[PDB]
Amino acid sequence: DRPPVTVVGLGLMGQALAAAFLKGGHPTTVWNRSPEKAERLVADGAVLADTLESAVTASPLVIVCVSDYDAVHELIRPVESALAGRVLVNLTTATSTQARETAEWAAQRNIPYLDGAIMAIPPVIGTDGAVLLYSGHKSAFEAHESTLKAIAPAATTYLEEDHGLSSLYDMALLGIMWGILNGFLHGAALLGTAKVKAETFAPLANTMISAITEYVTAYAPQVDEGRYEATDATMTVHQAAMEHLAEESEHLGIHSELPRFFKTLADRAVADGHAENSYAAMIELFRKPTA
């Protein structure tokens, strides 16, 4: 006998969340501003609620995954009555501020609130590859751990009592994803000028990525210690190599803004006295506010 769960929001991610709960035996009530997106889910045994109220009331565990916290707040305020005493899990993407302003709203209405981040794509939801970071009501998490493991069986991980923490890790991890995707796509656009297929490039990209994890492990203690001994490569060397990517790009008639920018960053680090330091020393520039 698997407990009931409600999923509010049936985007690409919403749909995957619901499906995961359904497959894991939970009686799954779904609702979306656009009901058409429940069609395939209802066929597989989900109940499409007539209203968000009837959706919220159906289950003691409400999962919401919509665009942003403006959409969350438009959705949860009209149903604050029916929410009260139910555990609301907000897996929508958010700033720390947004997560914490929603935490304070929920506490005032005695709604136990977990602020979550989905570190996975929809097809990964339900698999060992999915990592979900939750932070907020410790008791509420402890109570529903087993139900929530339907979307992240290997990595249903609770951080701290701070609701804003899930958001901070999410923001930091997404920045790494775009770092990689931009690096690989800009890299494929480079190799493209030599009629090299991205499918050919990829396995090498991924071998390099795997090896770059070593650098991350090794730069971490350097950031924490504030000591940046260059055992691998100096800012000078990084800086010079960055000139090559910038020039290579300009010259091949491809995108040059990304690498030019990267170079602007090394230039600054070196001007702040980091010439002989490892790439870990870039932490100091990344702490400094912009225009």
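All residue numbers are counted from 1 along the displayed sequence.
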| item | value |
| --- | --- |
| Comparing 230-238 with 61-69, the one whose average Cα B-factor in the PDB entry is higher | 230-238 |
| Mean temperature factor over C-alpha atoms, higher-scoring stretch between 272-280 and 16-24 | 272-280 |
| Which of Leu75, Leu91, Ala84, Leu181 ranks first by CA B-factor in the deposited coordinates | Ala84 |
| Within-chain third of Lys263 by Cα B-factor, per the entry | highest |
| Chain-relative CA temperature factor third for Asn110 | highest |
| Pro153 CA temperature factor, ranked by third within the chain | highest |
| Chain third (lowest, middle, highest) by recorded CA B-factor, residue given as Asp50 | lowest |
| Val223 by Cα B-factor - lowest, middle or highest third of the modelled chain | highest |
